[PDB]
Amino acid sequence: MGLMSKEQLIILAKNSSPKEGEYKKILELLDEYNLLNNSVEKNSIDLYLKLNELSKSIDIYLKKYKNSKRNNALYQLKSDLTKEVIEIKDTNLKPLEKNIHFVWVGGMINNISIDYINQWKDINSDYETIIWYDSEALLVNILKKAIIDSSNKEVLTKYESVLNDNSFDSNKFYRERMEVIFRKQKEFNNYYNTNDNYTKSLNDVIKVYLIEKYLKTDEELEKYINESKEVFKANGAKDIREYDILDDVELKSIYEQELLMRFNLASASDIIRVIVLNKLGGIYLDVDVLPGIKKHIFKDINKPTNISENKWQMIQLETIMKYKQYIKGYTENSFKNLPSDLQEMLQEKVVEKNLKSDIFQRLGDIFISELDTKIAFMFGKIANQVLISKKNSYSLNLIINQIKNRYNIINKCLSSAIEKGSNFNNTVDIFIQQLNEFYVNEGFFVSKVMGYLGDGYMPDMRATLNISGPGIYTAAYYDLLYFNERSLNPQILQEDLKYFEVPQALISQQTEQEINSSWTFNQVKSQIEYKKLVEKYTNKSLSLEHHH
């Protein structure tokens, strides 16, 4: 079923007055949509654009004749347009390109990640599995760590005689450290643009800079580079510098601003995964996501009442790995603490299965609309750890426009702030000032991006989420469902988002590497990390008690 017919709307909206010109436009647009929906081609994108026309046509009538008796039928039709978008998205399916995309930029990929990736390769021989990396950025993590470690040492040496004084605390440490980090980020980019270094190979530039200013040896860095490239080539990885991934001059600059001025590798990967999925299609996966476990394996075992569903999945993965050894070295700590009769029931359900494909669910043939882009949910929230989309999808285009618009705003106020700012703290203050003065309409957005310059270095700042992360996907889905562009304050409910969910049957998210990497740089973890930093870099040790 689709939209109401034109004669159906005529009967619902009839009154004694003649048809207004704006009403006739709605009616002919409705006719055009319904004729479009009954054709051989039925192209999802062409149908969506016609709905967008219809939506703008209803808004024109509703604002010109705000008391018309037709408005009740017309508002109903307007509501139906959003429901119709969902129906097109889920019935005009085309086969998904059989690509599995992983992204690892900034350094060497971990060997356990290769093990996880290989589980996906084995189960989906009909898919091409690609590990995307950046051959020019293999030293970025080393540079970032060198910048952070020298800023730790610099601050802790400057305040060593006051670390146990009353005024100095962990929050003062991170504020003073952020000034040093900002300065050092500034130092590198000055070197990056000195003479002709901006046209030399980025990897060579970073290597020389690390030798020159951070006491690295050419031998040890060359070894890291070549050994990482060896792992990548041994697993059929693809360099983004060689497959025209960085075609878009705007997106390339955004990628490299995250890569080289914020050293925010999570954000840099947020960019690349969107670019490769839009260019080639398929499914993107974080390297710590494993295939889904088939529903019927453990169905007859009762989950203990206290144990969460996420911990139940951990136990299932641990059971599989303990008795099938698909990934060697997988933890069994959760399994070991279970009562022995539950261990024995879990073990039996695994040992009775013969094939790895009998336990894990293969991707198989996936059908999806050109309008769609699916996203994983974790704890009821959308997370871009898994994405599914055809190439050049309509929703990926909306997501790309969200990135470009958001970085346009951020960079316009960051450049203003850097010009007017004398240090890190007043640069941030001017940044926030400029954001509020010129985006008075968007206070929800300004609140989410305030801490851009401190993200990853300061406790309780994660602006990235609403610039390159899941926050832009919420906005893009609102753009699609309610016929808007580049919206910064979406009004979309938890129900509308779940029409975009990656089927849970396809993924196991509660893996050992996922849980290890899952963290939150909040106040308490910052205080723990600061406490260890003091003992590492000085001979003092943090008091537990405050002296009166």
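So that there is no doubt, residue numbering starts at 1 and follows the sequence shown.
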Of 475 to 483 and 58 to 66, the stretch with the higher mean C-alpha B-factor in the deposited entry is 58 to 66
Of 495 to 503 and 516 to 524, the stretch with the higher mean C-alpha B-factor in the deposited entry is 516 to 524
For 454, 282, 470, 236, the deposited C-alpha B-factor is largest at 236
The largest CA temperature factor among 258, 115, 341, 270 is found at 341
By the entry's values, the third containing the CA B factor of residue 421 is the middle
Residue 443: CA B-factor among chain residues, third -> highest
Chain thirds by Cα B factor, record data; residue 30 belongs to the middle
Assert third(CA B-factor, residue 153) within chain per record equals highest
Residue 369: CA B-factor among chain residues, third -> middle
